[PDB]
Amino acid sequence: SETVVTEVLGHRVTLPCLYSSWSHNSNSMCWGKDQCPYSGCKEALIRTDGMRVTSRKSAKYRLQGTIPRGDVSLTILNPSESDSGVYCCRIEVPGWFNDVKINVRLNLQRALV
């Protein structure tokens, strides 16, 4: 189950991810490219605890919504062709075998002419 986002041709683009029951005392999440990151959320594009981003692969990735409300959509600055493809938003939920995996396919194109 994925949401498809289409953008032609570039300055910034947001990939939706919402987890409305989010609690700052329980939740954290991360984003990954091509595949969902593993439990624990290491080596990811960007990652949060219950309140805020705590690391990212580069400045190209932002989270602008309220993280304590589960607005964890990824903003990608200056996106380009290689930014296309599958992305996965992994919600970390207490317990095992219960993390939520949300997929967005980003179609980043240019005008045809």
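Note that residue numbering follows the sequence shown and begins at 1.
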Regarding 60-68 and 39-47, which shows the higher C-alpha temperature factor on average in the entry? 39-47
Given the B-factors recorded for C-alpha atoms, which segment has the greater mean, 23-31 or 71-79? 23-31
Based on what the PDB entry reports, which of 18, 9, 15, 93 has the top C-alpha B-factor? 9
Considering every modelled residue of the chain and its Cα B-factor in the PDB entry, is residue 112 in the lowest, middle or highest third? highest
